[PDB]
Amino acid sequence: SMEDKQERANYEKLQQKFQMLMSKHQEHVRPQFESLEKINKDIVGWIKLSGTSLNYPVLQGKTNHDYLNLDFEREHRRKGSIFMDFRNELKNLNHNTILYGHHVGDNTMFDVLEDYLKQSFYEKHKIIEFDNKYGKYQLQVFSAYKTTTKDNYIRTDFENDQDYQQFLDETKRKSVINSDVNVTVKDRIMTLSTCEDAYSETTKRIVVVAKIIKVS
């Protein structure tokens, strides 16, 4: 209750601040993030799916565990943050940008990814909003599947187009959902993956892959 309600309140407050910032800077996006960086310089983006609980800042540390158990204000929270892989850049995007988040089943963080394993849900939520200092983007979902940690869906960059094409085709092959989105080697992708606590018994992960489109 003290954790829960307070945590929830703080997210509501930040969500509201970001919606105000968006409405204020109608064309731009850099001022919105410069403002959010005052709270935490590690806030690199924002992810939002309308009608769902996915409406969070995106953190990035030096490692993939910096924000595993820490929130946007660097406070200890079991559910931590939605965070980007430490290897990824935002100025000039890598071929595959990876975001991680908890899935504890209380309809928060990346609990939503589990819903994408259903065709009906996918059809009603094909586009996810992603914003950063460099632009406003759409995440055009094309693949959703459950895997293990024995499978590398985490690949950030490729040796050539053939390697990248292999990856894209494998991604579509693994998909539990049918999509009309066309993804080529000239495109950049975003991987959304569930993230478990350190040294957890659970090896299963839910992965949602999307094509990045710049809307700004």
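Note that residue numbering follows the sequence shown and begins at 1.
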Higher-scoring stretch by recorded Cα B factor average, 101-109 or 126-134
101-109
Higher average CA B factor in the deposited record is what I'm after, so tell me if that's 181-189 or 23-31.
23-31
Lowest, middle or highest third - CA B-factor, residue 41:
highest
Name the third of the chain's ranked CA B-factors that contains residue 75, choosing lowest, middle or highest.
highest
Split into thirds by Cα B-factor across the chain's modelled residues, where does residue 120 land: lowest, middle or highest?
highest
By the entry's values, the third containing the CA B factor of residue 154 is the highest
What third of the chain, by the recorded C-alpha B-factor, contains residue 195?
highest
